[PDB]
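Below is one structure, written out as C-alpha cells; the observations come after it.
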Amino acid sequence: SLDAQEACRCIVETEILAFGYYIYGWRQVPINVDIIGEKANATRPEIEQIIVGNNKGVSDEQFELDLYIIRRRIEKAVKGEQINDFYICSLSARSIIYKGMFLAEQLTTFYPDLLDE
Amino acid sequence: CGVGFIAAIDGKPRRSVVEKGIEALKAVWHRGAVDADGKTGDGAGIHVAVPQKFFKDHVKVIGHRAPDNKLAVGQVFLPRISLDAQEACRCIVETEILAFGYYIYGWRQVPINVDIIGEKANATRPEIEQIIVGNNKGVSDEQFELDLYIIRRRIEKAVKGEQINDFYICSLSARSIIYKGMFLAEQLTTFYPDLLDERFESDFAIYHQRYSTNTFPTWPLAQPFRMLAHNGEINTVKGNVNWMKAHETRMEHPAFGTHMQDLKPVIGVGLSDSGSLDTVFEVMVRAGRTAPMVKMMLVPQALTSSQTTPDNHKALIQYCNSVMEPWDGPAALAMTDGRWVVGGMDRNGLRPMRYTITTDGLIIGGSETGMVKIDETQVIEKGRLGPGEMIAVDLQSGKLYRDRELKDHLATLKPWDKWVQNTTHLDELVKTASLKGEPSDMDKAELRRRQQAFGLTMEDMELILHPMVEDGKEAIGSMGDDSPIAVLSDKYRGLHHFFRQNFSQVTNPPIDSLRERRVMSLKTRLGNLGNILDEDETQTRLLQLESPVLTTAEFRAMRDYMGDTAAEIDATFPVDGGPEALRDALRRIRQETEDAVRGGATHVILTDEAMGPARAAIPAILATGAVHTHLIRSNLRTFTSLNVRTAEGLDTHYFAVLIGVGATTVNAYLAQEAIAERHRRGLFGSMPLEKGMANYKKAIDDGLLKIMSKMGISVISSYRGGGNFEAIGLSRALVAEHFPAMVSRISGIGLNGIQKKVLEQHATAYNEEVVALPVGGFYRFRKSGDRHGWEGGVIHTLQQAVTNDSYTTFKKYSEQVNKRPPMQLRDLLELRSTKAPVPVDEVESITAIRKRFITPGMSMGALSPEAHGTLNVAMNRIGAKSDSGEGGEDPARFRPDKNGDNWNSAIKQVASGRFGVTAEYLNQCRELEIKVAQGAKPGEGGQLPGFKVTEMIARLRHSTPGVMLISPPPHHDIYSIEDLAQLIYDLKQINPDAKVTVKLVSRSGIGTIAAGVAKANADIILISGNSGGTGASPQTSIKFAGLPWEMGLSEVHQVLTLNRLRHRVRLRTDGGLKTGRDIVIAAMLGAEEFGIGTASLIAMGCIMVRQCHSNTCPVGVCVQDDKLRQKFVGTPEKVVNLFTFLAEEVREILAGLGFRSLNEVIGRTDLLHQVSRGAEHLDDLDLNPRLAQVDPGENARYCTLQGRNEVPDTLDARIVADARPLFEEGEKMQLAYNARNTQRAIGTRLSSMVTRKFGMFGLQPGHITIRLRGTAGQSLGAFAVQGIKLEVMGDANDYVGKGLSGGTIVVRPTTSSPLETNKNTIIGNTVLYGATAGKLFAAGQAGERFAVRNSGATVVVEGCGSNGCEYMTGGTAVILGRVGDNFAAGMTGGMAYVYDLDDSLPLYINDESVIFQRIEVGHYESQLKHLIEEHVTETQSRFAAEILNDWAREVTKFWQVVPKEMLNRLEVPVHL
Amino acid sequence: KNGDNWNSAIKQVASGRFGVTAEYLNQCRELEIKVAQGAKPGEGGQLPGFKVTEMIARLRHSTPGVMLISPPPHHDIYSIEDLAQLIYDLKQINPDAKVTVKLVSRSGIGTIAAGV
Amino acid sequence: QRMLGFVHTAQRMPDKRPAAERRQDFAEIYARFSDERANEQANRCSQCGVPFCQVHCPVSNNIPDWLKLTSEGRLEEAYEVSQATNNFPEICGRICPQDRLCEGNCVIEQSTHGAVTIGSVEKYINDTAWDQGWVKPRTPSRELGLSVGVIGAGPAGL
Ligand SMILES: Cc1cc2nc3c(=O)[nH]c(=O)nc-3n(C[C@H](O)[C@H](O)[C@H](O)COP(=O)(O)O)c2cc1C
Ligand code: SF4
Ligand code: SF4
Ligand code: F3S
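Top to bottom, those sequences are chains A, B, C and D. Positions 118 to 234 (UniProt numbering) are the ones given, in order, by the first sequence. Positions 37 to 1508 (UniProt numbering) are the ones given, in order, by the second sequence. Positions 934 to 1049 (UniProt numbering) are the ones given, in order, by the third sequence. Positions 4 to 161 (UniProt numbering) are the ones given, in order, by the fourth sequence.
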C-alpha cells in the first residue's frame, strides 16, 4: 500500500522533531532486484534512509541517548496504530547496517553503495 | 458484482431457498472482472441459517448427546504459516468462551478444495475452522445471542492485545452462518462442498459478490458481513468515524452492563466503509432496536417540504435526523436482523434493486431481474425500489411489509409528533428580538487598517463581492489558473489557499445541486449530541438554525439565547512574544478551552476582536483545528459546540474549510461592515441593506451547496469535521497534529513560516500610514501583484517566433520562460545524466516525435467554427491526432475538401450531456474518449451562456436557440466501476476499430482508481492537471480545486507498475506544458503522449483577454457573433511551426543528455534531482515521494501491445452470421432468439454494420426485426439506427435504448402471464439516456430518471418513477400512470402528457421551468390519439385499449406539460 | 424494393421441360430432379385447357387454350446410366448448385437409393 | 454600465479646430472631453487580463482601474488612483506620445478595433479634479531633520 508509507513517514517526522533536531531529508537506497529469488521477493520491504542532523550542539553521548529514546518511541507509536512490515535497522550517528535476504556473495550486488570509494 | 436476497414469506425452512441462492450466485459472472488466469477471483460470499440437524448429527456421531436447545456455531480464520500461533488463538478462544460457563463440544475442520483458487489468492489463504459451542445454562435465545456477541468482542480485543495477525471470526451466533472467500462466484459450491449437502435448509439467504480496484486480495474483506450486506460505496467515512469517536464517550445501556467497558472502541482498525457501517449497525441492533428502525436512523429518507407525505413520517424522519448523522453515499443494502429481513436503498436511489413475489410465498430481490429462473406463470407482483424506499419480511410472524405499510407500522411505536415539539427555531428569536442594540459601524480608517492586515485588496471587493450582493451568484472566469502555488509564492497568501478541495472520479458520482436541490439540507443543531442508545423526549430538545452561516444580528440573538453557558476565548498572539509566540498562543487557547468545558460551559465562542497594534490574529483555521482536535482527543467535544468569529471570511472557500475542519457556526462581521460601508456611498443603486445582506447570504449558501456536492454529500451534519480537503505545502507534523485526517504528500512550512508571514503583514498594516488598498493581482495581471505564467513579453515573443518562422526567436521565448524564479513543482527538478553527449542528428526524426503530441478537446460552443476547423486541419497535416471535445461535430466535415484539407477530428469525446452522440458520430474516429472530470472545474459540468447558443449550435446539439446549457455534474451512466466497464464494453462494440480513453484529474487516491480502470479493458489513461484552461466556470473552482499533475502522474505510474499492469495501458498528460524541458520531465515521470492546448490558442492569435464567457473576444477565437468572427487571423502553418519548434527542442535536449529516443528515457526517474531555492526561503519540500523508483521486473516500462484490448463476444455475432442476405443481397429479414440476462448490448454491432453500409437513415423502418424471449441484459439496443426493430417478451434490466439513433424497441409481458400491465415494473433505470431519434413502446412502468436528456425520441410508457423526464430537450413522452417527485426538472424543450386519475400532479411536478395545463387544441389531441393508437398496435396492451375506447370522458384527465422557453416558438399556440 | 425477393432457391427439372432454359438454371442455389410425384406416381402432371391463360402460355412457350399433359417417362432417363449422365449435365451447367432426386415410397426403393 | 462597449461604439478623439484657424494663434489644438463623451470613450475598455496598456507605459499607471472608476461616475476615486502613481498626469497626457507607448499596444488596438483613448481620459480626469479642489500638497507630518540638494528643475528634478 502507498498509504501506510505516508503514515509511517509522518509518524517518524513527528517523533523526531519533538526533540528539536533538524531533518535534512529522505533518500532511496539503490538496489538491484534481479538477484533475489521469488519467495524472498514477495515480502520485500521498501528500504529508505533518513538524514537527521544535530543543531543543538549537544555532545556525542547525549546525542546517541536521544537517538535511542527516539527509536524506542517511534517503535511504540507505530505499534499503537497496528501497522505491519515496519522496521528500523539502525538509527545512530556512529554505525550503519546493510542486511537482507540475499546470498552471501551477492551482498555487494544488491547494495551497490558499498562499491563506492 | 451485486447483492441479493431470498426469503420464504411464511417463514418455514426449506432447501429450495439455498438452492435458488446458489443458482443466483452462478449467474453474475458477466459483471465481474475477467482475468486471463481463469481462477483468480476477487471475493464472494453467502449467508444462511444454521442447519441444526447437520451439526446435531455430527455431535451424535462424535459421541456426545444431542442437546435440547439450539446450537451455536462459530467460523474462524486462523494463521496458516506457523503452527504455534494457531495454538495461541485456540487457547485464547477457549479461555474466553469458558469464562461465561458455556460447554464447548469441539472443533471441526471445514472440507475445502484448493485446486480451484488462483496463485495470488492462495499465498495468503487462512486456515478455516469451526467451533461448536452448546448452551447448557438454559438461558433464553436473546440473552444467548447477547452473550455470544460480548464473547466475540472480547476475543477480538484479547487477540489484538497479543499482536497476532491473520485472525478473523466470520460469524459466531446460534442463528446464522457465513460462507465466504476469495474464489469466483460460480465456484462457491466447489470450494465449500458442505453446501452440496441435503440437510442445509434455510428460510432466508443473502449473497454478495464484489469488484475490487486492486489485485492484492485479503480474505477478511469479503462480504456479506454479520447483519449487513452492502453494494456501492460510502462517501462520508472520514467524518462519520470522527463523530463516532465522540459519540462513544457517553453511550451506555443496561442490557450490556459492566461489559460495556469492553465495547468502547466500537470501530476498530483495518476495516472498510462497509465494515464500519456494519459494526455500528450491529452495536445498535443488539441494544433493543429493530432492523427497520436502525436502517431509518442510519440512512434516513429525504425529509421533503411537500404535502405528499403524512405528518407522522415527517415527525419520525425529523427525530431520526436529529438523533444521528446520516451515512450518505450510493448504497443498496440487504440486511437481516435475527427476526426481520430488510432490503433498502439510500437517499438518492442510485444503485438498482428489483424484487419478485411468487405463488410459493417466496420473495427474491437483487440487482438484476433475471438471475433466478422462474416459470413465467408463477409471479404475483414485480416491482422496484425508489430513493429511500425499503421492503421488509417478518419471519417470526410470516408477513411482508412494503414501503408504505412498513412506514405506517413504524410510526406507531412512540408518539413522535408529541416529541418533536420540543425543538425551537431561530427566526422566532430574531423576530421577538427588540429593534434595539444596533451598534455603530467602524471608521473608514479602522476598516481599512483591519482589511490591510489580512491582505484584502480592492479587487476582492469589485470583482468577487459586488456580484454576490448585487445578484446572488458568484463570479465567473474564463481561463485556467497560471498563478504560483501557495508555498512558492512571495506575497501574503492566506492559510486557506493551502487546502485543495476534493471530488469524485469513477468510484462515486457527484450530485447535481441545481435541480436535485430538494434532497440537500443545511440544518444545524446546537445541543444535539447525547446518548445514542436512548428513546425519550429529552433527546429532541435543542436549538435549530436553517444555515450554518450567521449575520451579526442573528449572532447576537443566538448569544443572548445562550447566555451564561458560553465561554469566550481569545485568539490573538502578542507581536512582541518572540520566536515561538504562535505555538504558545495555541497551547494557551487549547488549554483554556478544555479547562472551561470541564467547568460547565456548553458553548465555545472563539473570537479575535482583540486584534490591535500590539496583538496579531491567529489564523482562524489553525485555531479551530487545534481546539476541535483537542476536544475530540480529550472526550469533551460531545459536550459543547464551536462558534467562530472570523475577520478574514469573504469568499465561499473560507466557510467551506472552516466547517470542514470542525466549526459549528461561522460568523463573518468584517464582510458585513464592508458591505454596509460600500452601500452608504451609494454603489449598489436603490436597493435596501437587508435585501443586500439576504442576497449575500443566499450566494454563500449556494456556494456551500456547490462545494458540498462535488463529493456526493447531501447533508452538512455529516460533512462537518471530516477533513474533506488536501493540504499541499504544510509540514507533515503540523497537519498530523492539528488536523484530523488529511494527507500532505510533500512536507512544507511549519509554524515559523506562518508566524513570519503573519507578523510581516501585520507590521506592514499597522506601522505604515495606510490611505488606500493595493490594487492587487490574483485574478488579473498587475505590475504590483504576483507573477503570472503568461505575461506580455512571453506572448508577443511566441507569436513573433510562430509567425515569422525563426527558430532563434523560439529559443529566446523558451529561455525567457525558463529563467523566471520557481513557480511550479517542476521548477525544482533538475536533469542530470551520466553518459557522454551524442550528436544531435543521431536522435530520432522530428516526425516520429511530432506524432506524439496531440491537441486537447475544446468544444465548438466555446471556440468559433473557424478556430475549431483550423486546429483540426493543422493537426491532421503533420500526422498527429486532434480532438473535438464535447458539443458534437458537423457532419459535412466528414470528407476531405477539394484542396486536400481534412477538417475531421480523430478523437471523439463522450461528455456528460451526450450533446451530439449519434450512431454515425462514433463510426468516424480512431480513438474514443470518456470525460470523467475536467482539469479546471473538477466534479462539475460545463456551462454555456444563453447568447452563445446561435442557430447553428442549436441545430448541432438538438436544443433550443437561446437557452443556457449547463451540463449535469454526474454521468447518469457511470455510478460505479462496473458501470464504467459496461460503458467501455458498449463503446468497444459500437466501433470495432477505435480505442477507449478515460480522462481523470490529479488528486490523492488516484492510484487505486487507475488500477481499477485498467482492469475494465481501458487502454489509454489521461491525467489532467489543476492548471488547465476552460471556457466558462466559477472562480473558486478554477483557483481552489485540483492538484499539479506531478503528483497524479507519478502516483499512477507507480501504482500501475506495482500491480503488473503498466504493460497494457498508455499514459497521457496535459496542463501547463509550454517548453521542451517540461515535455522531457513529463516523459521521465512516466507519460508517453502529451497535450498542449492553451499554447496552441496563443499561436493562433489569442492574447489572454479572459473574456471568453462574455462573447466579446476581440481577436475572435471564442466568439459566436459574426462581426467579431470576421476578425480571425489564424492559420494552420502557425500551429505546424509551433509543433515543429517544440519537437526540435526535445531533440536538442535528448541529444545533450545522451539518448537517441524517447523510449529510452520513459520511466527512468533516477535522472532527476531536487535542488533547493536557497538558504533564505526555508521550505522543507521533499519531492522524493515522486522520485521513488519501483523496479518493473520482466516487462518494460511502457505499453508493449498493438491494437486495443479485446472483449468477449455477445449474441450479436450470431445475428451477423445469420442475416448475411441483408449485407450482401439487400433484403428484409426476421430473426428469433432467446435472450438471457448474461448478454449485454444486444443489437449494437449490427447497428455498426448497418451504419457503415447504408447509413443512419438508409433503410425503411422495420427492415430487420429480431424477437427475443426472456430477461434481456443491460444496454439493450444501445445506439440502434433506423431500420432495426427489436421486440422483447419479458423485461429489460437497465439502460434500455441508451443513445437511440432512429431504431425501434418494443417491450411487453409474455402472452401467458397473469399480470396487470400497469402495476408491474418492466424496464429499469436510465431509459433513453441521450436519444436523438426513434421510438420506444413499453407496456409497464419504467425506473428512475426515465428519459433523461431526450432529444428526438418518442416514448409511450405506462408509468414512471422519481426524477423522471429530467433535463429533457426534445421529443414527446406520454405517461399513462403516476409519476415521482421532482418530475420534469430542468426541462427546456419538448412536450409531455400525463394521465392523472387521482389529480396529484400539482404536488409532484417541479413547476419552475415548465407549465402544465389541460388540452384545449384539437391538433394536440390528434397527436395523443395517434401515439396511443400506435402503442396499442405494437404492444397489444389492454389499459391503453380501454383508454382509447372511452376517449371522450378520458381526454379531460390528461395534463399537458410544456416548457416555458418554447411558449413563443411553437407553430400552433397552446392557448386560443 | 422492400427487399422482398420473389425468387426461389430451388428449381425443378420436370418431365416436360416446359420452361427450362440456360438462365433458368443459373438463377438458383440448389437444383431438384423430379422422377415421380407423391399423389400420382408413374404419371405426368395435367393442366386443363382453360387454365392456360396468355401469361402461362408465354411462360411455358405453348399455345393458349390447349390442354397440357406432361409425358409420364422422361425421354432422357431410361436407366441409371442415363441418370448419371443427366446429373453430370446438371452439375456442368451450374457449377455452384446441388442435385436433388425426388422418389416415391414403395418396396425396393432401398436398392434404387443405393444406386442413385 | 458593464464596460465592454468596444463592439457597438466607435473611437473618436475630442474636439479639434480647423487648420485655417489653427495657423494664427498659439493656443492648443484639441479640447477637453465633455462629460457624456468621456463616460462613453472610457467605456470601450475591456478589462483584459495581462493588460498591455500598462506593460508598455514607462511609469506603469493602473490604467484599467481608473478607466473603470471613470466609466461609473466616481471621478474623485479615479483621480486618487491616477495620482497615486504619477506626479504630472496632465502634462503627460498632453505631451506623451501615445501611439508608441500605451495607445499603440492596446489589445483592441492590435485587432484593428481602434485604441482606447487613454491620454485624453488622463487629461479629463486629472483636470476636472483641479477645478474642484481635490488636489492638495503633500506636506510631511513630522518634519525630519535632514536636507537634500538637487541640480536642475526639469521633470526629474521636480
Ligand atoms: C476554451 C476551452 C474549452 C475547453 N473545453 C473542454 C471541453 O469541452 N472538454 C474537455 O474535456 N476539456 C476542455 N478544455 C480543456 C482542454 O481539453 C485541456 O484539458 C486544457 O486545455 C489543457 O490546458 P493547457 O492548455 O494549459 O495544457 C477546454 C479548454 C479551454 C481553454
Ligand atoms: S486599453 Fe485595451 S489593453 Fe488597455 S486596459 Fe483597456 S482593454 Fe485592456
Ligand atoms: S499618456 Fe499617460 S498612460 Fe499613456 S504612456 Fe503616457 S503617461 Fe502613460
Ligand atoms: S483569453 Fe479568451 S476571449 Fe479570446 S483572446 Fe484569448 S480566447
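The beta carbon of each residue, even a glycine, is placed where N, CA and C say it ideally should be.
query                                                                                                                                                                            : result
Is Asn938/C close to chain B, meaning its C-beta is less than 9 Å from at least one C-beta of that chain?                                                                        : yes
Grab the span of the alpha helix (DSSP H) containing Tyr597/B for me, first residue to last.                                                                                     : 588 to 598
Checking contacts by CB at 9 Å: is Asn959/C closer than that to chain B?                                                                                                         : no
Name, please, each residue of chain B whose Cβ falls closer than 8 Å to the Cβ of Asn935/C.                                                                                      : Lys1264, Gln1296
I'd like to know whether the C-beta of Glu83/D is nearer than 9 Å to at least one C-beta of chain B.                                                                             : yes
For the alpha helix (DSSP H) that contains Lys196/A, what are its first and last residues?                                                                                       : 177 to 197
Identify the contact partners of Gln343/B in chain A, using a Cβ-Cβ distance below 9 Å as the criterion.                                                                         : Correct list: empty, because the minimum Cβ distance to chain A is about 49 Å.
Here's the rule: buried if 16 or more other CB atoms are within 10 angstroms of the residue's CB, otherwise exposed. What is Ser209/A?                                           : exposed
So is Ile1251/B buried or exposed if we call it buried at 16+ other beta carbons inside 10 Å?                                                                                    : buried
Do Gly923/B and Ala955/B have their CB atoms nearer than 9 Å?                                                                                                                    : no
Pull out every residue of the segment 1139 to 1154 of chain B whose Cβ sits closer than 7 Å to any Cβ of chain E, in chain order.                                                : Here the protein chains are A, B, C and D, and chain E is not one of them.
Could you check which residue in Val751/B, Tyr215/B, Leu499/B has the C-alpha nearest to that of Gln337/B?                                                                       : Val751/B
For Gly275/B versus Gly759/B, is the C-beta spacing smaller than 9 Å?                                                                                                            : yes
Could you tell me the alpha carbon to alpha carbon distance between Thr629/B and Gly635/B, rounded to whole angstroms?                                                           : 10 Å
Quick one: is the Cβ of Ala41/D within less than 8 Å of any heavy atom of ligand 2?                                                                                              : no
What's the C-alpha gap between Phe292/B and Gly566/B?                                                                                                                            : 18 Å
If we call anything under 9 Å between Cβ atoms a contact, is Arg529/B one with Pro857/B?                                                                                         : no
Would you say the beta carbon of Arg1142/B is closer than 8 Å to some non-hydrogen atom of ligand 4?                                                                             : yes
From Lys1051/B, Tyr597/B, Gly374/B, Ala910/B, pick the residue whose C-alpha is nearest to that of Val1171/B; which is it?                                                       : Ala910/B
Suppose the cutoff is 8 Å on Cβ atoms and the five residues either side in sequence are ignored; what does the same chain contact list for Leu795/B look like?                   : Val611, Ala652
In chain B, what lies closer than 7 Å to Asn201/A by C-beta?                                                                                                                     : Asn201
Nearest to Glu1230/B by alpha carbon, out of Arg1096/B, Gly1416/B, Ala903/B, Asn1329/B?                                                                                          : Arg1096/B
Enumerated in chain order, which unbroken segments of the alpha helix (DSSP H) with a length of 4 residues or greater are wholly contained in the segment 771 to 824 of chain B? : 788 to 803
Examine ligand 2 and report whether any of its heavy atoms sits within less than 8 Å of the Cβ of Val119/D.                                                                      : yes
Please find out if some non-hydrogen atom of ligand 1 comes closer than 8 Å to the beta-carbon of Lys967/B.                                                                      : yes
Is any non-hydrogen atom of ligand 1 found closer than 8 Å to the C-beta of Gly1309/B, if you look at the structure I gave you?                                                  : no
State the DSSP-derived secondary structure class of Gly379/B, mapped to helix, strand or coil.                                                                                   : strand
I'd like the list of long-range same chain contacts for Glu163/B, defined as Cβ closer than 6 Å, with 5 residues on each side in sequence excluded.                              : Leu114, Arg116
Where do the N-terminal and C-terminal ends of the beta strand (DSSP E) with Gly402/B fall, by residue?                                                                          : 398 to 402
Spatial neighbours of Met16/D within its chain, please: CB distance less than 8 Å, with the 5 preceding and 5 following residues excluded, ordered by chain position.            : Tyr33, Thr120, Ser123
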